[PDB]
Every structure is written in C-alpha cells, then in structure tokens.
C-alpha cells in the first residue's frame, strides 16, 4: 500500500522526468533553428563598440540626424539612432522596404529600450556602447518605436517613429 504507492509513484516520475527533458531538448533544437535564419538578425552584435556619451551629439555619426541613414551595401542600410531623454533621432527614421537595415543605437544619457512595435527589434540601449541589430522590413508604412526601459519621468511618453517606404 505504502510499499506499493512508493515504487509506482517513482516509476512514473522517472517517465515524466525523461519526457520533460525531451521537451526541454526539443525547445533547444527549435531555438537553434531560429539562430540559423534571418530572424536572428535582431540578436545584438556581441562585440564591444565603445563611444563617449558626452560628445556623441557633437561629432561622429550621431551628430547629424539627417545623415544617419547610410547605404552600406547594394541592398543594405546602416542607421545611426540616438535614443535619449526623451526621444529618438532621427524622427522619423526613413528606410526602404526589403533592405536589410543595421541599426546602430546609443544613448547620451541613461539606458533606453528600443522596441519597434510589430517586429522582433527589442534591444537595450546603453550609454557608452553601440547596440547593433539587423532587420528587414517586409511591409511598408509606419512603425512606432517604444522605450521599454524605465529612463526617468519622461519614460511613458518616449516614442519614436520608423517609416518604411514602398
């Protein structure tokens, strides 16, 4: 009864533990897949790229928001975004649809989020560091940037815009 309850519970537990392991491993496979595809573009670049948050608005590629969009390949554009208290420059960001876009975002003040509503772009922005993420916009139109990292009282109304041209 306890004798019989004991080894029966343990026997099924062993099954459960093996299944749940298999499920965990399946998720690992399925994650590794995402990692081999264009959708992984949104993972930040692992490489350290240091800048000086105090002169970033005075010189270098974030100094002039109207030249932030640079063609860097035949179908590729690099965009230097500044995320700051409390906005994003340029505004709007303007990019062609169908082109791979390499966002290079930094902050002059405190940490900000860079969440592009309707896409997987969702990257912390750290003063002193350039966050680099990649995306291709398949659909034209207007995409809102959301700050999703508390940055002070201006936080809830820190928004940006990206326009994707046909």
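Residue numbers count along the first chain shown, from 1.
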Comparing 100 to 108 with 51 to 59, the higher average Cα temperature factor in the PDB entry belongs to 51 to 59
Between the two ranges 82 to 90 and 68 to 76, the one averaging a larger CA B factor in the entry
68 to 76
Name the one of 130, 36, 123, 116 with the greatest CA B-factor according to the PDB entry.
36
Where does the C-alpha B-factor of residue 150 rank in its chain, lowest, middle or highest third?
lowest
Relative to the other modelled residues in the chain, which third contains the C-alpha temperature factor of residue 158: lowest, middle or highest?
lowest
